[PDB]
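# Observations on chain architecture
This is what each chain is made of:
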Number of protein chains: 2
Amino acid sequence: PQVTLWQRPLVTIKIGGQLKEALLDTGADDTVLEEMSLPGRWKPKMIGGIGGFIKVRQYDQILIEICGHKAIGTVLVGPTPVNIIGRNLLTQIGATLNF
Amino acid sequence: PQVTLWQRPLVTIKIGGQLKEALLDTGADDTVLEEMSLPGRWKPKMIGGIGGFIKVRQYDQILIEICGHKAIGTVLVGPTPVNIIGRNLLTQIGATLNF
Ligand SMILES: N#CN=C1N(Cc2ccc(CO)cc2)[C@H](Cc2ccccc2)[C@H](O)[C@@H](O)[C@@H](Cc2ccccc2)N1Cc1ccc(CO)cc1
């Protein structure tokens, strides 16, 4: 799907048996999800934001289905106001920016 | 051009007779630049974020040259660890996300 940017690019994702809506964010290095329940297995970390620093938990090897595609990797889970799919997963989904 | 996402989608921008580098960011509604010498007047504003809040100066009808493309719009100036090109401009240079 070619996604024009007049509207926020939102996609449906499935994680840990749950359905969410997430943002395709080319500016994000990692993926960060709003507080959710996960089986695991997790490490802490604080990240960079605008503005401020947020402590997040690091879950690696998480299966994510994004718009239909299966992808595995590390997702941070923190106090985000929105679900963000950063480059770590975008690359697996074979996503691209065109202009 | 076509950009893959293995690395940060950084582009060269000319703004106010100054050359900078910015991050194409599909997840940013607006464009937010680090602090710089911008002529003209601006209105105060506050953008939301992750674990914080940055008060920025809103400037409008500002000429921005992204890659070779020229665009005019609202640019937010403020304290950001990165220069971000948001959808308000992305839309103007015709960028599409594809996956
Ligand atoms: N804040 C923040 N946080 C943000 N912003 C700014 C941002 C936010 C909002 C606007 C306009 O309202 C403009 C810019 C938006 C996130 C977002 C989007 C909408 C609403 C809330 C949060 C962007 O979509 C998102 O790509 C980045 C932008 C950014 C990148 C690098 C350094 C600093 C910032 N980010 C922090 C971030 C970094 C790293 C990871 C993973 O490694 C996830 C998230």
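- In terms of determination method and resolution, the entry is listed under X-ray crystallography at 1.8 Å.

## Side note on the site of the ligand
- By nearness alone, 23 residues border the ligand, and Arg8, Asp25, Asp30 and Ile50 of chain A together with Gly49 of chain B come closest of all.
- Residues close to the ligand are split across chains A and B.
- One of the backbone N or O atoms of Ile50 of chain A is found 2.5 Å from a nitrogen atom in the ligand.
- Its free accessible area being 770 Å², the ligand has 92% of it covered by the protein chains.

## Observations regarding the side chain of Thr26 of chain B
- As for its position among the elements, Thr26 of chain B is in the loop between β3 (18-24) and β4 (31-33).
- At a separation of 2.4 Å, a polar atom in the side chain of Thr26 of chain B contacts the main-chain carbonyl oxygen of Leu24 of chain A.
- Those residues in contact with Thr26 of chain B that sit more than four places away from it in its chain are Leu5, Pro9, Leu23, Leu24, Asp25 and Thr26 of chain A together with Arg87, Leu90 and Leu97 of chain B.

## Regarding the interface of chain B and chain A
- Contacts between the two partners involve 38 residues from chain B and, on the opposite side, 37 residues from chain A.
- Summed over the three residues of chain B that lose the most area to chain A, namely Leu5, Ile50 and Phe99 of chain B, the buried surface amounts to 26% of that side.
- At the junction of chain B with chain A, the criterion picks out 2 salt bridges.
- Close ionic contact of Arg8 of chain A with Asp29 of chain B constitutes a salt bridge, the shortest N to O distance being 3.2 Å.
- Summed over the shared surface of chain B and chain A, the result is 20 residue pairs in polar contact.
- Elements that contribute at least two residues to the side of chain B that touches chain A include exactly β1 (2-3), β3, β5 (43-48), β6 (53-66) and β9 (96-98) of chain B.
- For the side of chain B that touches chain A, a count of residues per class yields 19 nonpolar, 15 polar and 4 charged.
- Both strand β1 (residues 2-4) of chain A and β9 of chain B contribute to a ladder of 3 bridges, which runs antiparallel. Each residue of the ladder has a partner; that of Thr4 of chain A, found in β9 of chain B, is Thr96 of chain B.

Conventions and cut-offs
- Residues numbered from 1 in each chain as written, not as in the entry; some residues may be left out.
- Chains lettered and ligands numbered in written order.
- Heavy atoms only, no water.
- Near = heavy atom within 4 Å.
- Polar contact = N/O pair within 3.5 Å; in protein donor to acceptor, adjacent residues only side chain to side chain.
- Areas by Shrake-Rupley, 256 points an atom, 1.4 Å probe, with all protein chains shown as cover.
- Helix = DSSP H or I, 4+ residues; strand = E, 2+ residues; numbered from the N terminus.
- Contact = heavy atoms within 4.5 Å.
- Buried area = accessible area lost by both parts, 1.4 Å probe.
- Salt bridge = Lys/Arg side-chain N within 4 Å of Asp/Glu carboxyl O.
- Nonpolar A, V, L, I, M, F, W, Y, C, P; charged D, E, K, R; others polar.
- Pairing = 2+ DSSP bridges.

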